[PDB]
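Take a look at the letters that make up each chain.
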Amino acid sequence: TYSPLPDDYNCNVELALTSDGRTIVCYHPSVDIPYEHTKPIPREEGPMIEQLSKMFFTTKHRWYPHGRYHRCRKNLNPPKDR
Amino acid sequence: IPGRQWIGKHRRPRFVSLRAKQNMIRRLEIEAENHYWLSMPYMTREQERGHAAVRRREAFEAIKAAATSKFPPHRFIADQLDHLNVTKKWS
Amino acid sequence: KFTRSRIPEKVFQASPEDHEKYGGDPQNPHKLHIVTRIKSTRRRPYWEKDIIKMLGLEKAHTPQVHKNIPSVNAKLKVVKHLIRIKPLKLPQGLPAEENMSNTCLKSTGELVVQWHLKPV
Amino acid sequence: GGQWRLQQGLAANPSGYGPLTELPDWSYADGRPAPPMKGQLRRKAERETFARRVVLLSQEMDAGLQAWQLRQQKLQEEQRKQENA
Amino acid sequence: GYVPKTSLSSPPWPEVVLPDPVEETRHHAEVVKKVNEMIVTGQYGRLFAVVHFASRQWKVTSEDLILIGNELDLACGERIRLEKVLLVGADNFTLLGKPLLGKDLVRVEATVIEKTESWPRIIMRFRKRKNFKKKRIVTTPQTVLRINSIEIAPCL
Amino acid sequence: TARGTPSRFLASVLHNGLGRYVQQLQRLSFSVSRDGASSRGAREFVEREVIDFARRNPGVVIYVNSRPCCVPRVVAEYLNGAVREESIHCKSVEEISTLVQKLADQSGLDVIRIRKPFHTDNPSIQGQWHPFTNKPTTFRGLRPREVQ
Amino acid sequence: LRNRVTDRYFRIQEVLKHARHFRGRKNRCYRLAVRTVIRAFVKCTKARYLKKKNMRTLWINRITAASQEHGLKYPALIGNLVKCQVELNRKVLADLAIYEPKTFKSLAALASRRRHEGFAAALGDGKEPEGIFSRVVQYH
Ligand SMILES: [Mg+2]
């Protein structure tokens, strides 16, 4: 009845040692979301920058543009990964 | 503060936190164990006398002999003739 | 004047409370010291820097074996605030030429002359 | 957490002596062990010269005490053998 | 030695009751048996190993790459068994050893691809008003390793 | 520096280690002057070592040109079209064996900065973190201050 | 002038190629570019120590955050993973905290289990049987 963590949200953690006592076998199956825990699917520059700032909850400054020196230092073909 | 915080007549105050007290304490404990182990020599001062005079004498014979064996290196014919290959050609 | 400092002999006479605190024996003491420089010799006088060079303690946190004799102990009493002194204990014997390479000094202070890398 | 490791007889730094830094880092897939690490070679040279110093100092200590004891027995015999004539 | 239940009477953390060691070692026998069944039956998907290769601890899957900062005196293409693995996980179990795993338990394989140098690396020293300006340019050696497989062995 | 130089991610050519290992170096092109002290150690490399090198890896084809050059070069060309031209001007035979073996060992990727020391393409196996891992659900999916 | 310098364009271009992205006349004029290029190289070498430092404090922030998700704090997690002889470092634990959170949850349960064995161990002083995860593996 002891649980080191409240195994209720991510995975059911079951700690173990081997009988030789050298490795820590951890067993953790994924916890499914229960069906009862779910909802059914429902069926001008000033004003524009206040409207975008109010829309995306950010300040006004990242909507005013930046000049040619900053548009032409941007690496337009950046390296992709993964 | 009157001038230059940390030197002078009117210096700003600095106070000893719990970090600095625990640091000074554990330094004092390491020190007191050094005071324990220096309290019991394996020999008296009479008994140690001359026990390593031979090895110290041979060690300074090695340092003295390394000092008195310093001289210009050997000069060879194969190095000087070996310079001549800077104009080695093919044919 | 800040001069060199002498230390009286009652400072280096252990008590049975100290003999019970640290695991030493006054009868049959230990032969070899492990010394470890754990405090920089900068902001220290030149004689202490010299003694630290004479003991081979120029690198910090590197153990060095010395003798437990009053001359070596006199140099260690000069720089006792800069070092750490532990006895070299030897559970197994001092190593022979067969076991010469397969040694390792542990952090406890013991020189284990058969040093596998395997668990018990 | 190095004070715990000092309490357990381990190295205070886990990169010190022990199984993480003294086993070989890699082997061939055939099973051939690798040539040894450069730091393991230098390190075993350090432990070997350290052990040589332990043996050398221990032998100077024992030869020093025995030489003192032979000097004291010769002083006692130079005390006893002049008690006559 | 009774104290009435005030605020500072009992500690603010709950009192945890650790299980009895006999029943808990039996529980470890059950869990090690189940995870051994998942390794035998091949239930696991793809693995990852944390391996302590020379310099640090590299988290590693199969089919990936590691850039090391030294030449390992190996040919390009030679297979390597990386020992000193010290964590092996799948989707539903892990295996962390104290501190390393058994060589009979985890086998991590990796080839050498390329033995490059680094990009040239400038080491400049400069002290003001003392005419102290030094420039060095250093390229370290590097090898890249393609971890080919993490195979796991039912030995628990 | 690193902000003036471009950077890239640590990759290989065509998954160079997975199935088999392919030597990434196609052609070497030595140009070595017959008479000239610049290409002396190049000549001694052709007389001694370029044949044993040419046999130790047969996937490389080697073109020694032997023209009156004034600075000798070696031109490594790689499978991905990369061409690295390095000079063997006034270098000894051992230094050309380490230089040519260095060009043989590496690949046709740029020697610009590599950002990460590793490249997984499947980094997450148990599923990547999103903010709804480690959060328990509630009954009927209810949010705080919701009655029904 | 008997021998005056011919190769001087290339020395100017040795310095100025590192200045090609600067602002002002630092990208153009050699007198200004030498100071800003020297200075950029000094920052470039002193920032390797700061790269290592800032990566490590970034990892301690990530391990701190993801251990606050499991109720632990950072020092309990690290000290009690040390005390299990599970000597994973900060980089690996941040990468498990991001990419493999079941493993990080099981490391959190192992570390908190060992923390409670330390509490119950130091609670019942004297001779008592040791914890199960509190055992140490002796090497020799
Ligand atoms: Mg002031």
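- Per the deposited record, cryo-EM is how this structure was determined, to a resolution of 3.06 Å.

### Digging into the overall build of chain F
- Each helix and strand counted, chain F has 3 helices and 7 strands in total.
- Along its sequence from the N terminus, chain F presents helices and strands in the succession β-β-α-α-β-β-β-α-β-β.
- For a compact globule of 148 residues, the expected C-alpha radius of gyration is about 15 Å, and chain F comes in at 26 Å, more than 25% above that figure.
- Counting contacts in chain F only where the partners sit at least 6 residues apart, residues at least 24 apart contribute 70% of the total.
- Taking the 22 positively charged and 14 negatively charged side chains of chain F as two groups, their mean positions are separated by 12 Å.

### Concerning the interface of chain E and chain F
- On the side of chain F, 27 residues touch chain E, which itself brings 29 residues to the contact.
- Looking at the side of chain E facing chain F, the largest losses of area belong to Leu65(E), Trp119(E) and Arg146(E), adding up to 26% of the total buried there.
- For the pair chain E and chain F, the interface holds 0 salt bridges.
- On the surface where chain E and chain F come into contact, there are 8 residue pairs in polar contact.
- Among the elements of the structure, β2 (58-61), β3 (64-68), β7 (106-117) and β10 (141-152) of chain E are those that each provide at least two residues to the side of chain E that touches chain F.
- Broken down by element, the residue count for the side of chain E that touches chain F peaks at 7 residues, all from β7(E).
- Tallied by class, the residues present in the side of chain E that touches chain F amount to 14 nonpolar, 6 polar and 9 charged.
- Here 2 bridges tie β3(E) to strand β7 (residues 118-119) of chain F, and the two strands are oriented antiparallel to one another. In the strand pairing of β7(F), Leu65(E) is matched with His119(F).

### Digging into the interface of chain F and chain A
- Of the residues lining the interface, 19 residues belong to chain F; the matching set on chain A comes to 14 residues.
- Summed over both sides, the interface of chain F with chain A buries roughly 1400 Å², with 55% coming from carbon and sulfur.
- In terms of surface lost to chain A, no three residues of chain F exceed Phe9(F), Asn134(F) and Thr137(F), which account for 32% of the buried area on that side.
- Inspection of the region where chain F meets chain A yields 0 salt bridges.

### Quick notes on the pairing of strand β8 (residues 121-127) of chain E
All names here are of chain E.
- As judged from the 7 bridges shared by β8 and strand β9 (residues 132-138), these two strands associate in the antiparallel manner. Pairing of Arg-125 across the sheet is with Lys-134, part of β9.
- Following β8, the chain reverses through 4 residues before pairing antiparallel with β9; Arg-129 in that reversal takes a positive phi of roughly 65°.

### Focus on the packing of helix α1 (residues 8-16) of chain G against helix α2 (residues 30-68) of chain G
All names here are of chain G.
- At a closest axis distance of 9 Å, the pairing of α1 and α2 adopts a crossing angle of 45°. With respect to α2, the element α1 is oriented oblique. You can see that α1 and α2 cross each other, and the crossing is left-handed. When α1 is examined against α2, the residues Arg-11, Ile-12, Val-15 and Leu-16 are found in contact with a partner set consisting of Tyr-30, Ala-33, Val-34 and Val-37.
- The residue makeup of the contact of α1 with α2, split by class, is 7 nonpolar, no polar and 1 charged.

### A look at the sheet that holds strand β1 (residues 48-51) of chain E
- Ordered in space as β1(A)-β2(A)-β6(E)-β5(E)-β1(E)-β2(E), the 6 strands form an open sheet in which the pairing is antiparallel. Single-partner strands in this sheet number two, and they are β1 (14-17) of chain A together with β2 of chain E. With direction set aside, neighbouring strand axes in the sheet form an average angle of 20°.
- Relative to strand β6 (residues 93-97) of chain E, strand β5 (residues 85-89) of chain E runs antiparallel, the two sharing 3 bridges. Bridging across to β6(E), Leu87(E) finds its partner in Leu96(E).
- Running at roughly 95° to β1(A), helix α1 (residues 21-40) of chain E makes contact with β1 and β2 (23-27) of chain A together with β6 of chain E of the sheet.
- Strand contacts of helix α5 (residues 101-123) of chain G: β1 and β2 of chain A together with β1, β5 and β6 of chain E, with the helix running at about 65° to β1(A), the strand carrying the most contacts.

### Some details on the sheet that holds strand β4 (residues 73-78) of chain F
Residues and elements named next belong to chain F.
- Spatial ordering of the open sheet is given by β3-β2-β4-β5, a layout of 4 strands whose pairing is mixed. A strand with exactly one partner marks an edge of an open sheet, and here the two such strands are β3 (61-64) and β5 (83-87). For this sheet, the mean angle separating the axes of adjacent strands, direction not counted, is 15°.
- In terms of strand pairing, β4 meets β5 through 5 bridges, oriented antiparallel. Considered in β5, the bridge of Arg-73 is made with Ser-87.
- Contacts from helix α3 (residues 93-105) reach β2 (25-31), β4 and β5 within the one sheet, and its direction differs from that of β2 by about 155°.

### A word on the pairing of β4(F)
Residue and element names in this part refer to chain F.
- Counting buried positions over the 6 residues of β4 gives 5, a clear majority of the element.
- Relative to β4, β2 is paired through 6 bridges, and the arrangement is antiparallel. If you follow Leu-28 over to β4, its bridge partner there is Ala-76.
- Taking the residues that link successive antiparallel strands as the turn, the β4-β5 hairpin has 4 residues, and the phi of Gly-81 there is positive, at about 85°.

### Quick word on a positive patch on the surface
- A cluster of basic residues, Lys128(E), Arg129(E), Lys130(E), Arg39(G), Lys43(G) and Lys46(G), forms a positive patch at the surface.
- Counting through the fold element by element, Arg129(E) comes out in the loop between β8 and β9.
- For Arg129(E), a relative accessible area of 70% gives the class exposed.

### What to know about the packing of aromatic side chains
- Applying the stated criterion to the full structure yields 11 aromatic pairs over all chains.
- Judged by centre distance (5.0 Å) and plane angle (75°), the rings of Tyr36(B) and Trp37(B) are edge-to-face. Taken individually, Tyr36(B) and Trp37(B) each receive the classification buried, so the pair is uniform in this respect.
- An aromatic cluster is defined as three or more aromatic residues linked by ring pairs; in this entry it consists of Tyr36(B), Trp37(B) and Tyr22(C).
- Here the guanidinium or amino end of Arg4(C) rests over the ring plane of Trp47(C), the centre of that ring lying 4.5 Å away.
- Over the face of the ring belonging to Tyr28(D) we find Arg32(D), whose NZ or CZ atom lies 4.5 Å from the ring centre.

### Points about the nonpolar core
- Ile24(A), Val86(G), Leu88(G), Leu93(G), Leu107(G) and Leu110(G) are the most contacted members of the largest nonpolar core, which has 41 residues in total.
- When contributions to this core are tallied by element, the ones reaching two or more residues are β1 and β2 of chain A, β1 and β5 of chain E together with α2, α3 (74-82), α4 (90-99) and α5 of chain G.
- Ranked by residues supplied to this core, first place goes to α5(G) with 6 residues.
- Not counting chain neighbours up to four residues away, the residues in contact with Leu93(G) comprise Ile63(G), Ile78(G), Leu81(G), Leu88(G), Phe104(G) and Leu107(G).
- Of all hydrophobic cores here, the second largest spans 38 residues; its members include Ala34(D), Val51(E), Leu72(E) and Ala110(E).

Criteria and cut-off values
Residues numbered from 1 in each chain as written, not as in the entry; some residues may be left out. Chains lettered and ligands numbered in written order. Part of a larger assembly, values for the part shown. Heavy atoms only, no water. Helix = DSSP H or I, 4+ residues; strand = E, 2+ residues; numbered from the N terminus. Rg over C-alpha atoms; globule rule 2.2 N^0.38 Å. Contact = heavy atoms within 4.5 Å. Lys, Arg positive; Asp, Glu negative; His and termini not counted. Charge placed at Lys NZ, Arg CZ, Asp CG, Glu CD. Buried area = accessible area lost by both parts, 1.4 Å probe. Salt bridge = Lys/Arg side-chain N within 4 Å of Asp/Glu carboxyl O. Polar contact = N/O pair within 3.5 Å; in protein donor to acceptor, adjacent residues only side chain to side chain. Nonpolar A, V, L, I, M, F, W, Y, C, P; charged D, E, K, R; others polar. Pairing = 2+ DSSP bridges. Axes fitted to C-alpha atoms, helices over the stretch in contact; angles between N-to-C directions. Parallel < 35°, antiparallel > 145°, perpendicular 65-115°, else oblique. Left-handed = near helix turned anticlockwise from the far one by under 90°. Buried < 20%, exposed > 50% of the residue type's maximum accessible area, 1.4 Å probe, protein only. Patch = residues over 30% accessible without salt bridge, like charges linked within 9 Å, V, L, I, M, F, W, Y side chains within 5 Å. Areas by Shrake-Rupley, 256 points an atom, 1.4 Å probe, with all protein chains shown as cover. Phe/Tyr/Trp six-rings, centres within 6.5 Å; stacked < 30°, edge-to-face > 60°. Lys NZ or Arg CZ within 6 Å of the ring centre and 35° of its normal. Core = buried A, V, L, I, M, F, W, Y, C linked by side-chain atoms within 4.5 Å.

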